[PDB]
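Structure record follows, encoded as structure tokens.
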Amino acid sequence: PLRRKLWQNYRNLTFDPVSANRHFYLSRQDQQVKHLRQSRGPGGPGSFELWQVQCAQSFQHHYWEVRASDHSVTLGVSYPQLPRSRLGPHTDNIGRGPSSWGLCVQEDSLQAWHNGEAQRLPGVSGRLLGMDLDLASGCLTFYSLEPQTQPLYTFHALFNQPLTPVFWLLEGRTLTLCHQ
Amino acid sequence: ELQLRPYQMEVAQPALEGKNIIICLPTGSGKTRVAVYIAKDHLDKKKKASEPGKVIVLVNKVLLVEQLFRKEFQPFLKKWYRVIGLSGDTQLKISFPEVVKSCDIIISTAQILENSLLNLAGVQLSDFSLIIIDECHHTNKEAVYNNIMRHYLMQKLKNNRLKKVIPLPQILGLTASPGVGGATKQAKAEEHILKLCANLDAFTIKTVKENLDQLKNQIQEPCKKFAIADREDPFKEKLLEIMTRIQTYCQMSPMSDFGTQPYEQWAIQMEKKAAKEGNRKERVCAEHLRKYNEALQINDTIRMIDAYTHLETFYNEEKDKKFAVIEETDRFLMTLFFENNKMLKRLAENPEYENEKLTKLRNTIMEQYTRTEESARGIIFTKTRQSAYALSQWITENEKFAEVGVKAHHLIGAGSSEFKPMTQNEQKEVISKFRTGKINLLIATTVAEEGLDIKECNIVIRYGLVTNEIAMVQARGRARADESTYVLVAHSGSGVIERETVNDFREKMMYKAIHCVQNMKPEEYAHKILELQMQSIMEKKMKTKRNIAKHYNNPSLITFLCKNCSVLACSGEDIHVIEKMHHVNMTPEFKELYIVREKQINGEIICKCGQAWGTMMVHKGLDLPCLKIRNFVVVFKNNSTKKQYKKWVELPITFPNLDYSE
RNA sequence: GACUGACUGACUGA
RNA sequence: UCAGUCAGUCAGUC
Ligand SMILES: Nc1ncnc2c1ncn2[C@@H]1O[C@H](COP(=O)(O)OP(=O)(O)O)[C@@H](O)[C@H]1O
Ligand code: ALF
Ligand SMILES: [Mg+2]
Ligand SMILES: [Zn+2]
């Protein structure tokens, strides 16, 4: 019932071909993303050097669902000023500075990053995830849907710029959206 | 600051005054520092009463010589005593007995002592006082350690005779898994642990039974995890095509499918019997099918290009040798092989095709490094040198890895006619680069499984390895870091997972069996040990009498024949030896028979056949070519059969040395 | 940097 | 009791 009450603030989303990284691939009317070993041509400008992809939509509340093929993947939201270059060895940028907020899912445990800090959270078996944000209250909440609903975590903040969703994928991993 | 933690003192308390013992703590328990402290108190106590004292540490891998000479003894005893670290690479400027009289802590590889002891002015085992044996479970049926301990036992029995004395040095030994000698029943494990204690001449096992909570805190059981998999590709069956046709040419009997060991063994024996017959048109075919099977097996283990390189590197050198004699059956191979290998080379370069195991390993390495975030060292254990070098290349080439921060290098042992041999100083520089942290995913073979000391290694991966239980108790150990992961990779085709299960069960058996021997009644322990001591000596006498029987020699009786042809080469008298080591010939017509070939400092000999006989080697100003017996056939004059020997010591013949007077 | 020789251990096979 | 691949240890000649 809680997800049903959420669903009247559901919002449809789509990717941006410019922001897609080299080895990644877009599909299903730009609603599903996969990552392959062989390069899809040179990257060029407008593409994040680190392994992320951003959606075309952004929000000036809102809620949605993302299905994930497997673990070791990250979902989050940032301000429009997210850096697109790489200056460090590790290949994920969400949560390193204050300008974003991310949640990384793995086989063992969950890690929610912001301002370069995060805390271990007990792991979850399910793959499907849900996520909500209210700018008026300035809060961002995550949810695990299977088998039951769990309010995994909440972030308090004040926003002066719109938020754009950004996704981080490994090799051999896939990520799909949902629509209604 | 030798302030030992409590349980180390618990285990070392009995050894601190007489009573030669053993000691076993699990990996990460600082056993080496227990050795340090015991040696310190030994030397201090002997000095107080002003009596001569020395200590020798026996290690069994050379890498560990420098490790234990630089990390642990050196700082903790830099001031009070004189410590010297010797090994098999260092070019000593002084003979060993002068070294022993020169210093008083000697860190050495055991084989050096054993050389210096059977040399009869040498050295006698009574000179020393403390004999520390690191990783002493290798004391077993005629190993390098056991010869030393057998001199010790002969002296002990001589003292038991003398009582109706010459003091014997106190012994200490350090282990992590004394192991069971292939035993399915409790009684046999009990027997084996007793036999080990016997050969070391111990008093007990003395494992910590008081401070259990502290020990369970220091040592971390790492997380075990299983990456297992089992893609259509022509290459395996594409080559099955060619090799099936090659077999059909001579219609040989498989007796088993392809890609597995029995087929390779079968090829070996058929080759041998055919060569004994003289049946050409078959020898070359059998050996080529063997090469193809090896290619399939390498294609199993490593990436595809390495298999293709093995094939082409054999064949092009074959044709190079063959076209030198220029300046029926043979052509049948190349005229097929070259079309098919151009096909292969275009086939193998296509990278979307892949092996199965490598994909799982690829997933593991990159995923796990991505999660670590720059606090991550890894060791990948493998089986063959070639595998090590190939994995290093495959890590370097494809560019996705280098962005996630993996920096890789291969570590193998010194001393095989392939890619490039690593040598001693290169290896030392490699582990030196690895300890600080600019080499991050070290790929190693058996050499680094008992002894490495790296304070931080998160990740230990095992690659398609099958082995006994001690080489599995230690390899988990090398992951001496917190939140460690021991990840096993294999495809179910070969018996790797079933081996994992039996090994784990043998680990349980071994621990319980030590607990069993821990608690015997001392009368029984003493008497069983005495009987066990007697047993080894008597069986050595039996083997020695059989050996002096087996050595039994006219050098002129036999004649050597070529092995791919059967054209007579020479007779025994033409053979001589340089320094009992290099078999060589000086004869002039035997010089006109062969053809040098350079593609060079040392030239390879070739027959008319294209098969190789030996190499040119220059001695004391003579230019002279040698011979290798593996490439010939021996024909007697008593029974006209045909025999092959693998290595020169097999042949019952004794050869004279190169009169040099001519 | 190149070439040899010999002890030894684990795995598989009669 | 014999064969077979594999790793490690030592010793010579350039
Ligand atoms: N008194 C001590 N205090 C803290 N750490 C110690 C102490 N003694 C030994 N260690 C640790 O033990 C490690 C050495 O263990 P070692 O005996 O080499 O393991 P293994 O028994 O597998 O060879 C060192 O890295 C050191 O950090
Ligand atoms: F003595 Al160890 F690993 F147990 F070097
Ligand atoms: Mg040790
Ligand atoms: Zn010939």
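All positions are counted from 1 along the displayed chain.
According to its header, the structure was obtained by electron microscopy, 4.3 Å.
Placed from the backbone N, Cα and C atoms, the Cβ positions cover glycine too.
The feature Zn(2+) binding site is assigned by Swiss-Prot to B:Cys562, B:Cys565, B:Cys607, B:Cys609, with sequence analysis given as support. If you look up Swiss-Prot, you'll see B:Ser484 marked as phosphoserine.
For B:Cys607 (Zn(2+) binding site), other Cβ atoms within 10 Å of its Cβ number 20. Over all protein chains present, the Cβ of B:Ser484 (phosphoserine) has 19 other Cβ atoms lying within 10 Å. Surrounding the centroid of the Cβ atoms of B:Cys562, B:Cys565, B:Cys607, B:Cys609, where the record places Zn(2+), the chain contributes additional residues within 8 Å, namely B:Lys563, B:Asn564, B:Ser566, B:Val567, B:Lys608, B:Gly610, B:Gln611. Taken residue by residue with DSSP, B:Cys565 (Zn(2+) binding site) is part of neither helix nor strand, so it is coil. Residues B:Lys164 and B:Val165 bracket an unmodelled region of 4 residues, and their Cα atoms lie at a distance of 11 Å. A Cβ distance below 6 Å to any atom of ligand 4 is met, among the recorded positions B:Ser484, B:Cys565, B:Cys607, B:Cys609, by B:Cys565, B:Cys607, B:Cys609. For B:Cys609 (Zn(2+) binding site), the Cβ neighbour count at a 10 Å cut-off comes to 19, with all displayed protein chains included. Counted within 10 Å of its Cβ, the other Cβ atoms near B:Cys565 (Zn(2+) binding site) come to 15, all protein chains included. Counting only same-chain residues six or more apart in sequence, the Cβ atoms lying under 8 angstroms from the Cβ of B:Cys562 (Zn(2+) binding site) belong to B:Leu568, B:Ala569, B:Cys607, B:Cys609, B:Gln611, B:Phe632, B:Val633. In the deposited model, 28 residues between B:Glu327 and B:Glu328 are left unbuilt, and the Cα atoms flanking this gap sit 19 Å apart.
Cα to Cα, B:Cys565 (Zn(2+) binding site) and B:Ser484 (phosphoserine) are separated by 58 Å.
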